[PDB]
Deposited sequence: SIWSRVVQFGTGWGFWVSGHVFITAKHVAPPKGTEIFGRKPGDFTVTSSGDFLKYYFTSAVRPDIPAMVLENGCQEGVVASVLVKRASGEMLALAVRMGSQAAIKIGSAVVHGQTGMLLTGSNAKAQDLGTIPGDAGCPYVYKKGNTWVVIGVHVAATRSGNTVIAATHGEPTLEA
C-alpha cells in the first residue's frame, strides 16, 4: 500500500509523501520545465537541497493517500527500509542500518547525505529516488531518497526543517 507511493520518475524513482508532495533524487529527475503527472510548471513548485528534489503541487495529485511525516534523516543505528522498486514491478524492502554523514560525487559535483549499511539476513543504479522509511512506533516516516551505493554502503539524500528550534 505504501508501495503505491513509489513510482517511476525520470531515470529513477520518486515517492509521494502526501497527495501534494512528491520527492525524488535530483539526478534522476526530468529537466526543469518538464510537464509531470499532467501538470505544468506553475501548478507546482520545486525545491532542492543537494540531491534531494521536492515537488509541491497546489492541487492534490494523489487524493487517495494520507500525509506521511518527512524527517531530515534519522538517529544513527535506526534500522530503516529502502523501498526498492524494479521496472518489472518487483518490490524489495532493503534493511539498512542508518549511519553518519558522508559525501560522494554524483555526476557534475559532490552532494552530501546520510550513509547506511545494507543488512543481510543489494541496490542497482536505476534504484535512485526510492524512499528510506522506518516505523516510528505506530507511524511510518520517510527520512530520505536513495542516491547511490558504493561494497555494502548506501547514501540517502535528506531534507526538512526539524519542528523544534534551539
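message: Please give the gaps, as residue ranges numbered from 1 in the deposited sequence, where no C-alpha is present.
response: Coordinates drop out over 122-129, 159-160.
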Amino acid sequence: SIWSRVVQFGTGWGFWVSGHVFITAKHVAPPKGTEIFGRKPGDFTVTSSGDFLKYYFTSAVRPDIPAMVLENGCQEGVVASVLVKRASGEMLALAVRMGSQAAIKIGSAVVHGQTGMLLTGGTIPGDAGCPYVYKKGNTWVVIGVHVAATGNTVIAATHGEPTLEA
From here on, numbers count along this sequence of modelled residues.
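message: Going by the mean C-alpha B-factor recorded in the entry, which is higher: 61-69 or 107-115?
response: Higher of the two, by average CA B-factor, is 107-115.
- request: On mean C-alpha B-factor from the PDB entry, just flag whether 35-43 or 132-140 is the higher one.
  value: The stretch with the larger mean CA B-factor is 132-140.
- prompt: Based on the PDB record, which member of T11, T150, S18, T24 exhibits the highest Cα temperature factor?
  reply: Answer, based on the entry's C-alpha B-factors: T150.
message: Out of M98, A102, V28, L53, whose C-alpha atom has the biggest B factor in the entry?
response: Comparing C-alpha B-factors across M98, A102, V28, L53, the maximum falls on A102.
message: Using the temperature factors of the C-alpha atoms in this entry, rank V7 within its chain: lowest, middle or highest third.
response: Lowest third of the chain for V7's C-alpha B-factor.
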